[PDB]
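Residues per chain, in single letters:
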Amino acid sequence: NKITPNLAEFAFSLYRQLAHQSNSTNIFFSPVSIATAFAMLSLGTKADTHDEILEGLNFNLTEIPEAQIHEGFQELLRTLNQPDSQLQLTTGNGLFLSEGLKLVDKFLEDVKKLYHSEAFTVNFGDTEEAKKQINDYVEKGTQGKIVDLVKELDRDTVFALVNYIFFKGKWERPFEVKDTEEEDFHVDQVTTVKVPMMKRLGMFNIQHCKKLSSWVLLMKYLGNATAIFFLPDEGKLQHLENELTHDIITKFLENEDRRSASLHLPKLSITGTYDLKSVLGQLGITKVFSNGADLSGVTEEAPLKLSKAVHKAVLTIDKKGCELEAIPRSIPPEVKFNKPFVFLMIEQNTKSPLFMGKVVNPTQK
Ligand SMILES: *[C@@H]1O[C@H](CO)[C@@H](O)[C@H](O)[C@H]1NC(C)=O
């Protein structure tokens, strides 16, 4: 898979964009799903609008042809959405065009075939009816998990994109529920948050990085996925966020050997909701949202723009896992994730970052 380093660098630029905006808010998104969403949308666009999207998704058009990109994305969607997939995630993309627009079939069918997404037709004249139709589709798609995603629609909304993703993975090495107890999470020097802290003594692929000045924990999910947590040292979060590059992450993933440790990891449920129009606008994706948008591939009768693009990622880190291990005699280091930390979810075989985020406060819904 040759598109991974682009998704990786797209993830970091998208992350640092959000980290630059807010200092003390939870960051959590899926750069794979977001990229997929707009890689799929790239079929409907043409000319400069088409070029602006991919280049904004961190793809040099000359270095990697679009024909090769789209199948590269399809290979991920194939890997994620499998039969008997123990990843246990429900990602899905929903297009919502206004009834009356004569839609191009070429686009619609490639949305279903190449990207396994699904487009719908809705009456945007009725705002509340549309809002419900969007959120019910998401509620349907996420098995009732994500609800009331779209809080508002514009009066002249013509084409709305919505990209949800839920993930409740199980660890290869579970934490004990009895061990989990209430502990303080130091969000900053003043704010302190009581959180259910999971904790297990055992062998973890955990190493204190000197390059990042951070404790770097790696935990294998059940099924082909891995969770990399980065716990920065005292006042090194800024340093950490800057120093992270795909070359560095891969350098940790390929490290296998473990170390005995007394880990404190917070049980949490974080949701990141993002107006992609606003967020990707900062990264460079702007013309598709503008009036002069080349969406002739979607519909060629009337002019069109992507009037709304929303994304909501939901994570559930909890103690549950699968159904031996020997610990050395030495005193294990007590690595506590009680202060804000960055983390990624990487798909094992493609090495693509499903999720990325920073926990500022676990109780922040
Ligand atoms: C990853 O999944 C493949 C099948 O999709 C399996 O053969 C392999 O053992 C898995 N590897 C790990 C490390 O989970």
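Procedures and definitions
Residues numbered from 1 in each chain as written, not as in the entry; some residues may be left out. Heavy atoms only, no water. UniProt positions renumbered as here; feature names shortened; annotations may be inferred. Axes fitted to C-alpha atoms, helices over the stretch in contact; angles between N-to-C directions. Helix = DSSP H or I, 4+ residues; strand = E, 2+ residues; numbered from the N terminus. Parallel < 35°, antiparallel > 145°, perpendicular 65-115°, else oblique. Left-handed = near helix turned anticlockwise from the far one by under 90°. Contact = heavy atoms within 4.5 Å. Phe/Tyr/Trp six-rings, centres within 6.5 Å; stacked < 30°, edge-to-face > 60°. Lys NZ or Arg CZ within 6 Å of the ring centre and 35° of its normal. Salt bridge = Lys/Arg side-chain N within 4 Å of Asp/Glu carboxyl O. Buried < 20%, exposed > 50% of the residue type's maximum accessible area, 1.4 Å probe, protein only. Pairing = 2+ DSSP bridges. Nonpolar A, V, L, I, M, F, W, Y, C, P; charged D, E, K, R; others polar. Core = buried A, V, L, I, M, F, W, Y, C linked by side-chain atoms within 4.5 Å. Domains from an automatic or database assignment.

Its PDB header attributes the entry to X-ray crystallography and lists the resolution as 3.3400 Å.

The chain appears in the PDB entry as Alpha-1-antitrypsin from Homo sapiens. Regarding the chain, the UniProt comment filed under Sequence similarities reads as follows: "Belongs to the serpin family."

J.: Just to check I follow, could you spell out the packing of helix 2 (residues 31–44) against helix 5 (residues 105–113) for this structure?
T.: Running from amino to carboxyl end, helix 2 crosses helix 5 at an angle of 155°, the nearest separation of the two axes being 9 Å. Classified by the angle between their axes, helix 2 and helix 5 sit roughly antiparallel to one another. For the element pair helix 2 and helix 5, the recorded crossing hand is right-handed. The segment helix 2 lies against helix 5, with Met40, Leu41, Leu43 and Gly44 engaging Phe107, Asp110 and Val111.

J.: Looking at this model, I keep getting lost on the packing of aromatic side chains. Mind explaining?
T.: One pair of aromatic rings is described through two measures. These are the centre distance and the angle between the planes. Enumeration according to the criterion identifies 21 aromatic pairs in this entry. Pairing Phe337 with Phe341 gives two aromatic rings, centres 5.6 Å apart and planes at 85°, and the pair type is edge-to-face. Positioned over the ring face of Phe175 is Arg200, at 5.5 Å from the centre of the ring.

J.: Looking at this structure, I do not really get the pattern of salt bridges. What am I missing?
T.: When the charged atoms of two side chains lie near each other, side chains of opposite charge can form a pair. According to the stated counting rule, one finds nine salt bridges in the structure shown. When the shortest N-O distance is used, the salt bridge between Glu325 and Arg173 registers 2.7 Å.

J.: Help me understand the pairing of strand 7 (residues 214–221) in this model?
T.: Within a regular beta strand, the side chains point alternately toward one face of the sheet and then the other, so they alternate between its two faces. The buried count for strand 7 comes to six of eight residues, which makes it a mostly enclosed element. The hairpin turn running from strand 6 (residues 192–209) into strand 7, its antiparallel successor, is four residues long, and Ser213 in that turn takes a positive phi close to 50°. Across eight bridges, strand 7 lies against strand 8 (residues 225–232) in antiparallel orientation. Looking at strand 8, one finds that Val216 is bridged to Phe230. The turn joining strand 7 and strand 8, which pair antiparallel and follow one another in sequence, is formed by three residues; a positive phi near 90° is taken by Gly223.

J.: Sorry, what's going on with the packing of helix 1 (residues 4–21) against helix 2 here?
T.: How two helices sit against one another is set out by the angle between their axes and by the gap between those axes. It is at 9 Å that the axes of helix 1 and helix 2 come closest, and there the two elements cross at 105°. Judged by the inter-axis angle, helix 1 sits roughly perpendicular to helix 2. Residues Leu7, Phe10, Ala11 and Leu14 of helix 1 form the contact with helix 2, whose participating residues are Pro31, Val32, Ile34 and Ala35. By residue class, the composition of the contact of helix 1 with helix 2 is eight nonpolar, no polar and no charged.

J.: Is there a simple way to think about the sheet that holds strand 10 (residues 268–275) in this case?
T.: Strand pairing in a sheet relies on backbone hydrogen bonds. The paired strands run either parallel or antiparallel. One open sheet accounts for five strands, arranged 3-2-4-11-10; its pairing is mixed. The strands lining the two open edges of the sheet, one partner per strand, are strand 3 (118–122) and strand 10. Each adjacent strand pair in this sheet contributes to an overall mean axis angle of 15°, direction not counted.

J.: Is there a simple way to explain the nonpolar core in this structure?
T.: Side chains of nonpolar character tend, in soluble globular proteins, to be buried together. Core analysis: the largest hydrophobic core is formed by 107 residues, its most contacted members being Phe38, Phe229, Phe230, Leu265 and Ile317. In terms of residues, this core owes the most to one element, helix 1, which gives nine residues. Each of domain 1 (1–171 + 267–320) and domain 2 (172–266 + 321–365) gives at least three residues to this core. Residues in contact with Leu265, not counting those within four places in the same chain, are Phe175, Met197, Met198, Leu217, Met219, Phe229, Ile317 and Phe337. Counting 17 residues, the second-largest nonpolar core is a separate cluster that includes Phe124, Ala130, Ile146 and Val314.

J.: What is the right way to look at the side chain of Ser213 in this model?
T.: Residue position: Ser213 is located in the loop between strand 6 and strand 7. The class of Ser213 is buried, set by a relative accessible area of 15%. Sequence-distant contacts of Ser213, defined by excluding residues within four places in its chain, comprise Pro232, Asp233, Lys236 and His239.

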